[PDB]
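> quick one: initial chain(s) of a complex, as found there:
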Amino acid sequence: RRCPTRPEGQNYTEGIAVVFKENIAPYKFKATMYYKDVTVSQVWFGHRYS
C-alpha cells in the first residue's frame, strides 16, 4: 500500500509579545483639602454643674 506521510508541521513565527488586560485600577493623584472646623457650643451653667 501507499504508506501515509508525516505532516510538514506548523510554521511558527518567533517574536516578542506584550499582553495587555482591561484596566480596572482607578486613576490616583494627590489632592489637598482646605477647610475650617467651626464649632459653636451652647452651655447651660447650673448651680453645681455645666
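Good, I have the coordinates. Residues are numbered from 1 along each chain as shown, chains lettered A, B, ... in the order given.

> three-state assignment of the residue nearest the centre of chain A?
Chain A has residue A:25 as the residue nearest its centroid, 1.9 Å off, counting by C-alpha atoms, centre = their mean. State at residue A:25, reduced to three classes by DSSP: H, G, I helix; E, B strand; the rest coil: coil.

> ok, it to residue A:18 distance?
18 Å (C-beta to C-beta, to the nearest Å). In this view, the C-beta of every residue, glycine as well, is placed from N, C-alpha and C.

> swap in residue A:33?
Separation of residue A:33 from residue A:18 (C-beta to C-beta): 39 Å.

> same question, residue A:26
Applying C-beta to C-beta, the value for residue A:26 to residue A:18 is 23 Å.

> cool, residue A:37 as well?
Residue A:37 is 50 Å from residue A:18, where distance means C-beta to C-beta.

> one more chain, chain B:
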Amino acid sequence: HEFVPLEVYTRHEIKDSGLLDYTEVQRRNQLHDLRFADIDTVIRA
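One more chain to add, chain B, which I have set with the ones above:
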C-alpha cells in the same frame, strides 16, 4: 513542563478596583479627633 502561577487580576487588584473603601474611610475619619484635637485636656475656669 512547569506551570507557573498565573492570574489576570490578583485579590489586591480586585479590592483596589473599588473607588471608595468603607473600612479605610472610617479608619481615616475616626482619627480626626486624635490628630487635629486634644481629647485628654480638660479646661475649667
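
> With adjacent residues omitted, what lies nearest to the residue nearest to the centre of chain A?
Sequence neighbours aside, residue B:16 is the residue nearest to residue A:25 in space, at 5.8 Å (criterion: C-beta to C-beta, 6 or more residues apart in numbering or on different chains).

> for the residue nearest to the centre of chain A, what are its contacts?
Residues near residue A:25 by C-beta atoms under 8 Å, 6 or more residues apart in numbering or on different chains: B:13, B:16-17.

> repeat that for 10 Å
Listed by C-beta atoms under 10 Å, 6 or more residues apart in numbering or on different chains, the contact set of residue A:25 reads B:9, B:12-14, B:16-17.

> Which one of those residues is nearest to chain A?
Nearest to chain A among the contacts of residue A:25 is residue B:17, at 4.2 Å by C-beta to the nearest C-beta.
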